[PDB]
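4 is the number that the entry's author numbering gives to position 4 of the sequence shown; each next residue is one higher, with no gaps. To start, the structure under review is shown below, and the notes come after it.
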Amino acid sequence: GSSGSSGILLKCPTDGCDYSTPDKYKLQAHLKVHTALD
Ligand SMILES: [Zn+2]
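If you want it as structure tokens, here you go:
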């Protein structure tokens with residue numbers, strides 16, 4: 001399981017969402033912006 005580039009823009013999985021960041025952690029947090037409700 002090679003990686004090569006070892007770093008690419010992660011496009012949010014959420015359908016429609018156009019959020020992408022070179023950071024993995026940051027993304028994980030963003031994925032919460034959708035499933036976030038009081
Ligand atoms: Zn998103």
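Think of the CB as a built atom: it goes at the ideal place given N, C-alpha and C, for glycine as much as any other residue.
With distances taken between CB atoms, is the gap from residue i to residue j smaller than 8 Å?
i: residue 73; j: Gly4; result: No statement about residue 73 is possible, as the shown extent of the chain runs from 1 to 38 and does not include it.
i: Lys11; j: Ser20; result: yes
Taking just the CA atoms, how far does residue j sit from residue i?
i: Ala36; j: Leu9; result: 23 Å
i: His30; j: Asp15; result: 14 Å
i: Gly1; j: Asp18; result: 28 Å
i: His34; j: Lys24; result: 17 Å
Task: Distance cut 7 Å, beta-carbon to ligand 1 heavy atom: residue list by chain order - done: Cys12, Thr14, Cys17, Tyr19, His30, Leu31, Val33, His34
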